[PDB]
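Undergrad: Dumping the structure here so I can ask a few things about it.
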Amino acid sequence: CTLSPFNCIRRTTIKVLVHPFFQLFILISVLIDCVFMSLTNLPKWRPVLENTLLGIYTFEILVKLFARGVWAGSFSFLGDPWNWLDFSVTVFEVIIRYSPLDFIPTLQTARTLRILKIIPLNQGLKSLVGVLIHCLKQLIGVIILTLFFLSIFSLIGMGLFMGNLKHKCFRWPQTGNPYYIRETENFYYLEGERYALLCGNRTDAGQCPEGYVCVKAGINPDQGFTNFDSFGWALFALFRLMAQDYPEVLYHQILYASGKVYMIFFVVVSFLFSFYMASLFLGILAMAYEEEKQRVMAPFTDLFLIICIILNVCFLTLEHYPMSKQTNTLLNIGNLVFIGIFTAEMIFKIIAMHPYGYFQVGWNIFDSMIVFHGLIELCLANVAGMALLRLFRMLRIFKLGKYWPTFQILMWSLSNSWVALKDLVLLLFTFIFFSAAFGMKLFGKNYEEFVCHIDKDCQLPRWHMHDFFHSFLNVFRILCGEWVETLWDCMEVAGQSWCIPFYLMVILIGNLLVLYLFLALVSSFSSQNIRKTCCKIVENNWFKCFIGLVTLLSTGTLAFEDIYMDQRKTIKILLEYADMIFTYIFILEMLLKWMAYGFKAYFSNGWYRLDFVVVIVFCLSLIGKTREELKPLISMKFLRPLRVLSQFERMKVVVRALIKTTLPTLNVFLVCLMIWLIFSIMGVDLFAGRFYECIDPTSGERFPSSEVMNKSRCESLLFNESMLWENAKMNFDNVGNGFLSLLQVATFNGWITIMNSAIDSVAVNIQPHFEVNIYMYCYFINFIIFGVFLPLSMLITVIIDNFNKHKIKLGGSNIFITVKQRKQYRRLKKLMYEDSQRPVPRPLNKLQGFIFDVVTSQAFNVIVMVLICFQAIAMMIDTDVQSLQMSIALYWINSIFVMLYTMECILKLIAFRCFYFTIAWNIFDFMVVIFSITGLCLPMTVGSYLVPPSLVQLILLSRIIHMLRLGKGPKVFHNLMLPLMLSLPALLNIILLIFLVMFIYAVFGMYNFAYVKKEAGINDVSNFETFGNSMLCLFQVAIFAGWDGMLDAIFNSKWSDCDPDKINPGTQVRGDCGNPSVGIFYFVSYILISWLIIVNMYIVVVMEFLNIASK
Amino acid sequence: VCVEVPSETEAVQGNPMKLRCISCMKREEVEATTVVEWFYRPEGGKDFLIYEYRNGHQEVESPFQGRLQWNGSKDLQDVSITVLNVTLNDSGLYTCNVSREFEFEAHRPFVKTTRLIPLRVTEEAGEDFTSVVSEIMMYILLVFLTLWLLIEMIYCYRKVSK
Ligand SMILES: C[C@@H]1CC[C@@]2(OC1)O[C@H]1C[C@H]3[C@@H]4CC=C5C[C@@H](OCCC(CO[C@H]6O[C@H](CO)[C@@H](O[C@H]7O[C@H](CO)[C@@H](O)[C@H](O)[C@H]7O)[C@H](O)[C@H]6O)CO[C@H]6O[C@H](CO)[C@@H](O[C@H]7O[C@H](CO)[C@@H](O)[C@H](O)[C@H]7O)[C@H](O)[C@H]6O)CC[C@]5(C)[C@H]4CC[C@]3(C)[C@H]1[C@@H]2C
Ligand SMILES: CCCCCCCCCCCCCCCCCC(=O)O[C@@H](COC(=O)CCCCCCCCCCCCCCC)COP(=O)(O)OCCN
Ligand SMILES: CCCCCCCCCCCCCCCCCC(=O)O[C@@H](COC(=O)CCCCCCCCCCCCCCC)COP(=O)(O)OCCN
Ligand SMILES: CCCCCCCCCCCCCCCCCC(=O)O[C@@H](COC(=O)CCCCCCCCCCCCCCC)COP(=O)(O)OCCN
Ligand SMILES: *[C@@H]1O[C@H](CO)[C@@H](O[C@@H]2O[C@H](CO)[C@@H](O)[C@H](O)[C@H]2NC(C)=O)[C@H](O)[C@H]1NC(C)=O
Ligand SMILES: CC(C)CCC[C@@H](C)[C@H]1CC[C@H]2[C@@H]3CC=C4C[C@@H](O)CC[C@]4(C)[C@H]3CC[C@]12C
Ligand SMILES: CC(C)CCC[C@@H](C)[C@H]1CC[C@H]2[C@@H]3CC=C4C[C@@H](O)CC[C@]4(C)[C@H]3CC[C@]12C
Ligand SMILES: CCCCCCCCCCCCCCCC(=O)O
Ligand SMILES: CCCCCCCCCCCCCCCC(=O)O
Ligand SMILES: CCCCCCCCCCCCCCCC(=O)O
Ligand SMILES: CCCCCCCCCCCCCCCC(=O)O
Ligand SMILES: CCCCCCCCCCCCCCCC(=O)O
Ligand SMILES: CCCCCCCCCCCCCCCC(=O)O
Ligand SMILES: *[C@@H]1O[C@H](CO)[C@@H](O)[C@H](O)[C@H]1NC(C)=O
Ligand SMILES: *[C@@H]1O[C@H](CO)[C@@H](O)[C@H](O)[C@H]1NC(C)=O
Ligand SMILES: *[C@@H]1O[C@H](CO)[C@@H](O)[C@H](O)[C@H]1NC(C)=O
Ligand SMILES: *[C@@H]1O[C@H](CO)[C@@H](O)[C@H](O)[C@H]1NC(C)=O
Ligand SMILES: *[C@@H]1O[C@H](CO)[C@@H](O)[C@H](O)[C@H]1NC(C)=O
């Protein structure tokens, strides 16, 4: 119903509606409501403001209702879904405010929804939300497939780990905060840890102390939230693993309770979920963005100035802590000289180009701002403090960009796409603000009420949602990942049923918006006949194969050089002699190549130079084992695996491709380095010398600031009390420490510690106080936004552009595959796009009463598939604490499914007169049936050592792999699997290269960081003691799963906790310490190399997906 | 870091000998009070001690007084002992009997782990059997490889020149 389009009331209402003062008035009122509801606290006028706003909103509802009508069907009041939200909230508030009911806490929460009104009042945001919805409807199949795989691997996880996290180390033979007790009298607890130490019966599992035995008992860790005891919590764990959120602790828990051999589960989960499903999401979203976009005095003297700018940057980089008076006045005088030079620059340029002429250009304004700020600092700096003026001197580094062609084009791209970037930034900010307010209204009272649940001493923790700033920060952290630790606190105070939906909303919608913004940024930036005899020998294919075998053996023999080396007495001798044999073979190869090709041809080849240096490395390793003076040469042998690079054509194509794609990123990388240097100088200015604290030398926790008010109290011992004044491991004392801290913040490992230090600093000798400087968080948010997020788009766009360019250079889709592998690629493309069309003839004459048709009927196949699905469903009902009836019920369900699959197999065997074994999948089904029957009734009579209770259950589940087949499952699943099966060759090559680099670094780390005392990141399972442990550590580092603990342990020497002479029983290596310089080089180099290769992996898969979809 | 490895059972007249003994805890976070004892036994002996650690190194009169040395660790996790000028007569059974007890505020577990060493010093012990056969293996393999290279050089030279 409506009113006549010809009526005085409707006409005037429409007149008011379309008048832009109305839309601006409503917008301003909304923003006032936002501020006074969220970012402001403790007024007294609340009722008047609230009721005035309620009146304004009601007026808006009435006007828009009368103008548009009610239900005309479209372009009416109920046509717009936003009007539904406005009406619902308005009516709810009108009810509650002027009615007997007092749903007061509920009311304010509802009011927060009005923040989303910012979207329909901006046409740009409205259109953006519409297109985002369209893209989300495009993501449906990928979401379903991720749900499918997450459920399957939750089943796999319950089968493998159910109940394990209840393992403890029981004591055998047989006041404070009530929520933080430890049953130390019955179970073993490490000194500092909160939960009982996990331990297992396998030899590759956690070991108990003496006088303790391992028995499953008690509660799970992490307040019961981390476990595989049931579906749902297994789904929680697998979703946490998709996001790779705080995963290293879960790895340690699972590999302590059970054996280290279960790390295959986590590696497979990483590859399938963190890599491949993420690649599919990225491809879908990038294609959607593309579709939307397609729908829519003067001459040659400036060398002096550029040198002056560079020297000024050098002077800025030189300020550090501590600092004497001489080196301080030196920098003061330098500032004077440079600011004078630039003042003269501005004056002369004003003279030459008369005054209007100067400010016509944009760079002159920036230079004038530089001079203006410099002078207004030179004066006014000393008095009143005003230390933040100094913090803007780094703006002068940006002057260096006027002569930089790359910086100019980058800024040009940014400005040209500013219009589109503005809507996305505004939408993301609106969502973050709304979410922060909503979470505060939902959970702040809960955080304060049940405070003791989440903090011993019952004080608010460092991350919460009691007030709005911390709510904003919590949401922002959630958008960076890092959403697991705070969810535990949310659920502890509020509860599972309320926190999980809010956090899922934040996670999913924030991920969508952030990925869309990232794609937008990328798309913006885109716009003697014996001689010939030797030549015959060397080129022969069998000589190559023999040398390759020798290379592989020589490489693999390095993995045996671990702490158990003196325990393996005969292996040591065999290896010492095999080293000489390998040296001899490679020297013979060098000589034969010399004879064949001729020194000039030999050394003129890049690869043969690598071979030659490998030979030198072998020789130096040999000569090193004669004199303990020459002993340090030995380590050089760890360069040996580089031989693998030169001998195999696959490694050569992969290295060629990495050079072709990732080398042209030098200019953009320089821009990014300049950005990071700006932030490092800023951080030195803000924080240098201020992270010092007075701690307990043994316990290591900061003394309460109410006693040690400053250093003088700490240092001066006057009542014979132990207290040490020392720095932090990660500080901002100079630009180098700054670069290390910022790398640790960019990968989000250890960034909470650095920001905790930052928001606690006061002065240069004053004891830091808890959250006294809370707004420094603005430093780190800005760094993440500008020196992490935007540089990443820059680099990735350059790498994608090089990928496409070099692909065009070949007319070939793939460049990471060898020539022999292109035919394989074509063959796979044929197989997974072509019907088999190879049925078999039905036996007719030998046995008439023989219904071949039943098996080949569609009905039979679909019933089989439904049976597979029901088998999978029945698994979810299992749990750890289970009744005795449910156990036998599930046993009989599995038995009946074994029976029914056996009937299937037998009937098929009848149908196809021995062609059953021709089809590969039939062999898989046959093996499934046989193994299932074996395991099900193996303990019937034989009574073997045991059959694991979940083995038959897991064996039956494999048949669900049939859902990814073209004819026997949803058609989308095959389509979404196509990219992996088409990029399998290139992925194999890149994975082999990654494994090679990991191998080199693992051997080097075994040499270096074994015997380092076990501290934060070094523990029983992740350490550099053997090859498997080191490879676990390197994998953990490659996904950024806590490399800061590793380095923190390696820095023990910095911390003065290590014995450089302790005997390590069973090994000739003495000491307990690490080399921080070697540690820094190690980890930084590995992070960079692994990042580059993994990014190229992502590019390969996503480009394949785009290519397939383009058809 | 601890890796248990047995001691060498062979000594050469006129040299020092290390009777290695490594007995280390399941967990290395834990502290303990370690009691160490070494015993020696001639063919007619009765296993009388020659050394012991109990609240510090003690002095124990025996035939071994004055020519015994300590090569263990501060954490008493390696209790190896060294003998000087091993003579032909001194041989047989050496026993590294180590007992330690832990502290856990509720119970005090006790453990003993014995380790025995059969020692037979000789006038001149030559190169051990394993190393000699390993060296023979190296030499035969080296010769075979160079022979194979020579054979194929001759073969291909003949074929090419024809
Ligand atoms: C643990 C337990 C075990 C047991 C059990 O539970 C768990 O397991 C669990 C597993 C469950 C099943 C899981 C899955 C399904 C499929 C669903 O309904 C189809 C899924 C829908 C998803 O569709 C999207 O698919 C993509 C997703 O990313 C979206 O993205 C595009 O985005 C761009 C824009 O379009 C493109 O450019 C990109 O290229 C492209 O990526 C796409 O837009 C969007 O539509 C609809 O599917 C379409 O799929 C194709 C796409 O339209 C179409 O195919 C076409 O193929 C040729 C075309 O080229 C044509 O010629 C052919 O004629 C034509 O067939 C066709 O329309 C239709 O098939 C029906 C329910 C059922 C059976 C579930 C039931 C319960 C279970 C059995 C559970 C059960 C309880
Ligand atoms: C012409 C051809 C076009 C084809 C284009 C194809 C593009 C395909 C992409 C190829 C592979 C890309 C590699 C993966 C890119 C995704 C990376 C990303 O989105 O950001 C990363 C960078 O890390 C971040 O910090 C991003 C977090 C975003 C914070 C929100 C900032 C938004 C700023 C906008 C202003 C909003 C105002 C908010 C006010 C506070 C996230 O890190 P991570 O999860 O991958 O691993 C880290 C684990 N330790
Ligand atoms: C937080 C509690 C959750 C615990 C229980 C988990 C329950 C299972 C949830 C299953 C959700 C099904 C979809 C799964 C897709 C996950 C996407 C993903 O995480 O992979 C990448 C791909 O994701 C994307 O980029 C786009 C995702 C778009 C899909 C979301 C659509 C929005 C849905 C709107 C309704 C909101 C539902 C609210 C619930 C009432 C990004 O991850 P990341 O590596 O960047 O994580 C960073 C940490 N290192
Ligand atoms: C779309 C894919 C669908 C595939 C679905 C099925 C895939 C396979 C399912 C997993 C089968 C793994 C078999 C392991 C045997 C069952 C576990 C077990 O408990 O038995 C013993 C397991 O011991 C082992 O054999 C070592 C464990 C092997 C871990 C394998 C994890 C890999 C899972 C990933 C499957 C996907 C593979 C993809 C390949 C690229 C230990 O017995 P216990 O728990 O009673 O107590 C022992 C301590 N006293
Ligand atoms: C680790 O192995 C020990 C082996 O004894 C298990 O302890 C016994 O478990 C059986 C049941 O299989 C009980 O009947 C015994 O009373 C238990 N005590 C002992 C010492 O025999 C222990 O349960 C296993 N623990 C884990 C977590 O696997
Ligand atoms: C060749 C054989 C012997 C070893 C195979 C192990 C493979 C599957 C392991 C080793 C190193 C792993 C990679 C390490 C780092 C990352 C980053 C993250 O985004 C998940 C995917 C990805 C890219 C992993 C995928 C799986 C991986 C490639
Ligand atoms: C990482 C792991 C756990 C998951 C990967 C499962 C993939 C690789 C499996 C499951 C479904 C499979 C496909 C199903 C359909 C056919 C038809 C026939 O021509 C044989 C090959 C082919 C084309 C299979 C290739 C491999 C396949 C794609
Ligand atoms: C409960 C909070 C709601 C959050 C999402 C806003 C809901 C309003 C409608 C959003 C989509 C409107 C666009 C529809 C399709 C289009 O116009 O392209
Ligand atoms: C499509 C998204 C759905 C997500 C639903 C899964 C929620 C994960 C958490 C479930 C935990 C169940 C708690 C049971 C009670 C308990 O054991 O305390
Ligand atoms: C210590 C540094 C380790 C890394 C060393 C990598 C050496 C790679 C050598 C590459 C040579 C490139 C020759 C290409 C020749 C061609 O493509 O024809
Ligand atoms: C290229 C853009 C860089 C912008 C860098 C922004 C850094 C912001 C730093 C904020 C400092 C806030 C200090 C608050 C005042 C106080 O000390 O109380
Ligand atoms: C409630 C559990 C139901 C489980 C049974 C689901 C049906 C079996 C799975 C195979 C789906 C077949 C779909 C083929 C057609 C298509 O989607 O294109
Ligand atoms: C067993 C040694 C492991 C050493 C670690 C590095 C492994 C990389 C080996 C690459 C070999 C590639 C094989 C090429 C296949 C072919 O012969 O065509
Ligand atoms: C440290 O604090 C004490 C007590 O306020 C003060 O007297 C002392 O001067 C402070 N230290 C210095 C040297 O400023
Ligand atoms: C035992 O310690 C002494 C004194 O430090 C030392 O001289 C001797 O060589 C050590 N013996 C061994 C085998 O380490
Ligand atoms: C061992 O003792 C004999 C006899 O005193 C002496 O001749 C010989 O040099 C000694 N050797 C050592 C190791 O001191
Ligand atoms: C070893 O035993 C023999 C006979 O019991 C004795 O004569 C000799 O003194 C003993 N050892 C030495 C060589 O002192
Ligand atoms: C340790 O105890 C005594 C000490 O001699 C003896 O039985 C033997 O050397 C060792 N045996 C035992 C009981 O451990």
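Just so we're on the same page: first chain in the structure tokens is A, next is B, and so on; residues restart at 1 for each chain, and ligands are numbered from 1 in the order they show up.
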Can you tell me which residues sit at most 6 Å away from ligand 3, counting only C-alpha atoms and all ligand atoms, written as a list in words?
TA: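 Going residue by residue within 6 Å of ligand 3, we get residues 143, 146, 147, 235, 236, 239, 243, 244, 245, 274, 278, 281, 481, 500, 501, 503, 504, 505, 508, 509, 511, 512 and 515 of chain A.
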Undergrad: How would you write, as a tab-separated table (two decimals) with N, CA and C atoms, in the first residue's frame, the set of residues no farther than 6 Å from ligand 1 when counting only C-alpha atoms and all ligand atoms?
TA:
```
chain	number	residue	atom	x	y	z
A	138	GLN	N	29.54	-16.00	-5.85
A	138	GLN	CA	30.45	-16.77	-6.69
A	138	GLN	C	31.33	-17.73	-5.88
A	139	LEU	N	31.53	-17.46	-4.59
A	139	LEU	CA	32.41	-18.30	-3.77
A	139	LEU	C	31.72	-19.54	-3.17
A	140	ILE	N	30.50	-19.87	-3.60
A	140	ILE	CA	29.69	-20.85	-2.87
A	140	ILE	C	30.32	-22.24	-2.94
A	141	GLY	N	30.68	-22.68	-4.14
A	141	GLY	CA	31.22	-24.02	-4.28
A	141	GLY	C	32.53	-24.20	-3.53
A	142	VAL	N	33.39	-23.18	-3.55
A	142	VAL	CA	34.65	-23.28	-2.84
A	142	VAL	C	34.41	-23.35	-1.35
A	144	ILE	N	31.77	-24.68	0.07
A	144	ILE	CA	31.27	-26.03	0.33
A	144	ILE	C	32.41	-27.03	0.33
A	148	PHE	N	33.64	-29.56	3.23
A	148	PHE	CA	33.80	-30.99	3.00
A	148	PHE	C	35.15	-31.49	3.50
A	151	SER	N	35.64	-31.24	7.34
A	151	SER	CA	34.95	-32.33	8.03
A	151	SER	C	35.69	-33.65	7.88
A	152	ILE	N	36.17	-33.94	6.67
A	152	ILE	CA	36.89	-35.20	6.45
A	152	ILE	C	38.12	-35.26	7.34
A	869	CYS	N	28.60	-41.66	1.85
A	869	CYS	CA	28.30	-40.47	2.63
A	869	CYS	C	27.77	-40.82	4.01
A	872	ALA	N	30.48	-41.87	6.30
A	872	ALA	CA	31.18	-40.69	6.82
A	872	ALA	C	30.38	-40.02	7.92
A	873	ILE	N	29.06	-39.87	7.74
A	873	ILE	CA	28.23	-39.21	8.75
A	873	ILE	C	28.27	-39.97	10.07
A	970	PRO	N	29.63	-34.33	-7.01
A	970	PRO	CA	29.20	-33.03	-7.51
A	970	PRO	C	30.16	-32.54	-8.58
A	971	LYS	N	29.61	-31.93	-9.63
A	971	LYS	CA	30.47	-31.54	-10.73
A	971	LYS	C	31.43	-30.44	-10.33
A	972	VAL	N	31.11	-29.65	-9.30
A	972	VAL	CA	32.00	-28.56	-8.91
A	972	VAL	C	33.29	-29.11	-8.33
A	1109	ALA	N	39.73	-21.35	-15.68
A	1109	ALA	CA	38.45	-20.65	-15.62
A	1109	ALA	C	38.21	-19.79	-16.85
```
Undergrad: Set the distance at 6 Å and use only C-alpha atoms: which residues neighbour stretch 51-62 of chain B once local chain neighbours fewer than 2 positions away are removed? I'd like the list as a list in words.
TA: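 Returned residues: residues 35, 36, 37, 38, 49, 64 and 65 of chain B.
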Undergrad: May I have the selected residues written with N, CA and C atoms, as a PDB file, in the first residue's frame?
TA:
```pdb
ATOM      1  N   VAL B  35      74.842 -40.029  43.688  1.00  0.00           N
ATOM      2  CA  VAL B  35      75.881 -40.783  44.377  1.00  0.00           C
ATOM      3  C   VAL B  35      76.529 -41.701  43.353  1.00  0.00           C
ATOM      4  N   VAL B  36      77.840 -41.568  43.186  1.00  0.00           N
ATOM      5  CA  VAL B  36      78.591 -42.303  42.178  1.00  0.00           C
ATOM      6  C   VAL B  36      79.602 -43.192  42.881  1.00  0.00           C
ATOM      7  N   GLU B  37      79.797 -44.390  42.345  1.00  0.00           N
ATOM      8  CA  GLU B  37      80.752 -45.328  42.908  1.00  0.00           C
ATOM      9  C   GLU B  37      81.361 -46.148  41.783  1.00  0.00           C
ATOM     10  N   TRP B  38      82.680 -46.313  41.831  1.00  0.00           N
ATOM     11  CA  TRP B  38      83.421 -47.136  40.886  1.00  0.00           C
ATOM     12  C   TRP B  38      84.030 -48.309  41.634  1.00  0.00           C
ATOM     13  N   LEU B  49      85.668 -50.847  45.978  1.00  0.00           N
ATOM     14  CA  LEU B  49      85.562 -49.570  45.287  1.00  0.00           C
ATOM     15  C   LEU B  49      86.900 -48.840  45.247  1.00  0.00           C
ATOM     16  N   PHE B  64      94.636 -48.012  43.733  1.00  0.00           N
ATOM     17  CA  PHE B  64      94.562 -46.999  42.691  1.00  0.00           C
ATOM     18  C   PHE B  64      94.809 -45.586  43.201  1.00  0.00           C
ATOM     19  N   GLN B  65      95.112 -45.421  44.485  1.00  0.00           N
ATOM     20  CA  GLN B  65      95.381 -44.093  45.015  1.00  0.00           C
ATOM     21  C   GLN B  65      96.503 -43.416  44.246  1.00  0.00           C
TER      22      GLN B  65
END
```
Undergrad: List all protein, DNA and RNA residues that have any atom at most 8 Å from ligand 13, counting only C-alpha atoms and all ligand atoms, and write the list as a PyMOL selection string.
TA: chain A and resi 545+552-553+555-556+641+644+648-651+992-993+995-997+999
Undergrad: Using only C-alpha atoms, determine which residues of chain B fall within 8 Å of chain A; present them as a short mmCIF file (atom, residue, chain, number, x, y, z; two decimals) with N, CA, C and O atoms, in the first residue's frame.
TA:
```cif
data_model
loop_
_atom_site.label_atom_id
_atom_site.label_comp_id
_atom_site.auth_asym_id
_atom_site.auth_seq_id
_atom_site.Cartn_x
_atom_site.Cartn_y
_atom_site.Cartn_z
N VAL B 1 72.87 -31.77 26.39
CA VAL B 1 72.62 -32.89 25.49
C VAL B 1 73.33 -34.12 26.02
O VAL B 1 74.49 -34.06 26.40
N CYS B 2 72.61 -35.24 26.07
CA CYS B 2 73.16 -36.51 26.51
C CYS B 2 72.88 -37.59 25.48
O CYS B 2 71.75 -37.74 25.01
N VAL B 3 73.93 -38.33 25.14
CA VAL B 3 73.82 -39.54 24.33
C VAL B 3 74.64 -40.61 25.03
O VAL B 3 75.84 -40.42 25.25
N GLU B 4 74.01 -41.71 25.39
CA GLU B 4 74.70 -42.80 26.06
C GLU B 4 75.53 -43.59 25.06
O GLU B 4 75.03 -43.97 24.00
N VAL B 5 76.79 -43.82 25.39
CA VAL B 5 77.69 -44.56 24.51
C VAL B 5 78.64 -45.40 25.36
O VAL B 5 79.22 -44.88 26.32
N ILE B 22 78.25 -43.12 30.98
CA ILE B 22 77.25 -42.08 30.80
C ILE B 22 75.93 -42.63 31.30
O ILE B 22 75.41 -43.62 30.76
N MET B 25 69.53 -38.61 32.88
CA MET B 25 68.14 -38.59 33.30
C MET B 25 67.21 -38.54 32.09
O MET B 25 67.58 -38.08 31.01
N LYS B 26 65.99 -39.03 32.30
CA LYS B 26 64.98 -38.95 31.26
C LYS B 26 64.64 -37.50 30.94
O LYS B 26 64.57 -37.11 29.77
N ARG B 27 64.44 -36.69 31.97
CA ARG B 27 64.23 -35.26 31.83
C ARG B 27 65.44 -34.53 32.38
O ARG B 27 65.96 -34.87 33.45
N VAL B 30 65.25 -31.53 35.56
CA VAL B 30 65.13 -31.94 36.95
C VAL B 30 66.50 -31.95 37.60
O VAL B 30 67.50 -32.32 36.97
N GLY B 72 84.38 -36.03 34.68
CA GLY B 72 82.94 -35.96 34.60
C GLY B 72 82.45 -34.54 34.39
O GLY B 72 83.20 -33.62 34.08
N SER B 73 81.15 -34.37 34.60
CA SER B 73 80.46 -33.11 34.37
C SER B 73 79.97 -32.53 35.68
O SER B 73 79.72 -33.25 36.65
N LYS B 74 79.81 -31.20 35.71
CA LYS B 74 79.31 -30.55 36.91
C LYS B 74 77.97 -31.14 37.33
O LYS B 74 77.74 -31.39 38.52
N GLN B 77 76.26 -35.84 35.22
CA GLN B 77 75.52 -36.59 34.22
C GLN B 77 76.44 -37.46 33.38
O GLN B 77 75.96 -38.38 32.71
N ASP B 78 77.74 -37.19 33.41
CA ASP B 78 78.76 -38.06 32.85
C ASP B 78 79.80 -38.28 33.94
O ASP B 78 80.40 -37.33 34.43
N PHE B 102 65.54 -37.82 43.37
CA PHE B 102 64.96 -36.57 42.90
C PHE B 102 64.07 -35.95 43.97
O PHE B 102 63.74 -36.57 44.98
N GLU B 105 58.51 -32.51 46.08
CA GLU B 105 57.63 -31.91 47.08
C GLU B 105 56.56 -32.88 47.58
O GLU B 105 55.84 -32.56 48.53
N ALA B 106 56.44 -34.04 46.96
CA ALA B 106 55.49 -35.05 47.40
C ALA B 106 56.13 -36.42 47.53
O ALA B 106 55.75 -37.19 48.42
N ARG B 108 60.04 -38.81 46.59
CA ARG B 108 61.47 -38.74 46.30
C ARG B 108 61.88 -40.04 45.62
O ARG B 108 62.39 -40.96 46.27
N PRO B 109 61.66 -40.16 44.32
CA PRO B 109 62.02 -41.39 43.62
C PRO B 109 63.51 -41.69 43.75
O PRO B 109 64.34 -40.78 43.81
N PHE B 110 63.83 -42.98 43.80
CA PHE B 110 65.20 -43.47 43.83
C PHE B 110 65.43 -44.37 42.63
O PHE B 110 64.57 -45.17 42.28
N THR B 130 87.38 -53.44 12.32
CA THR B 130 86.41 -52.77 11.45
C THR B 130 87.09 -51.76 10.54
O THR B 130 86.79 -51.69 9.34
N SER B 131 88.01 -50.96 11.09
CA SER B 131 88.65 -49.93 10.29
C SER B 131 89.50 -50.52 9.18
O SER B 131 89.54 -49.98 8.07
N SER B 134 87.30 -51.70 6.44
CA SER B 134 86.75 -50.52 5.77
C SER B 134 87.77 -49.91 4.82
O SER B 134 87.43 -49.50 3.70
N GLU B 135 89.04 -49.84 5.24
CA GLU B 135 90.08 -49.31 4.36
C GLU B 135 90.28 -50.20 3.15
O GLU B 135 90.49 -49.71 2.03
N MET B 138 87.55 -49.37 0.79
CA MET B 138 87.82 -48.12 0.08
C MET B 138 88.80 -48.36 -1.05
O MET B 138 88.60 -47.87 -2.17
N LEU B 142 88.03 -47.82 -4.99
CA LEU B 142 88.78 -46.81 -5.73
C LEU B 142 89.44 -47.42 -6.96
O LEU B 142 89.37 -46.87 -8.07
N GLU B 152 86.70 -47.81 -20.21
CA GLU B 152 85.84 -47.12 -21.17
C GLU B 152 86.61 -46.08 -21.97
O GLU B 152 86.26 -45.83 -23.13
N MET B 153 87.66 -45.49 -21.42
CA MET B 153 88.50 -44.62 -22.23
C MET B 153 89.12 -45.40 -23.39
O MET B 153 89.06 -44.96 -24.54
N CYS B 156 86.23 -46.44 -25.97
CA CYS B 156 85.73 -45.35 -26.80
C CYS B 156 86.82 -44.78 -27.69
O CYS B 156 86.52 -44.34 -28.80
N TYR B 157 88.08 -44.78 -27.25
CA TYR B 157 89.14 -44.33 -28.14
C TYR B 157 89.23 -45.22 -29.36
O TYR B 157 89.32 -44.74 -30.50
N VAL B 160 86.06 -44.55 -31.60
CA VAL B 160 86.09 -43.25 -32.26
C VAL B 160 87.14 -43.23 -33.35
O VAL B 160 86.86 -42.85 -34.49
N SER B 161 88.36 -43.66 -33.04
CA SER B 161 89.42 -43.58 -34.03
C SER B 161 89.12 -44.44 -35.24
O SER B 161 89.55 -44.12 -36.35
#
```
Undergrad: Ligand 6: which residues are within 6 Å, counting only C-alpha atoms and all ligand atoms, as a PyMOL selection string?
TA: chain A and resi 267+270-271+274-275+991-992+995+1035+1038-1039+1094
Undergrad: Please return, as a count of residues only, all residues of stretch 751-885 of chain A that DSSP assigns to helix (DSSP H, G or I) on the basis of the backbone.
TA: 83
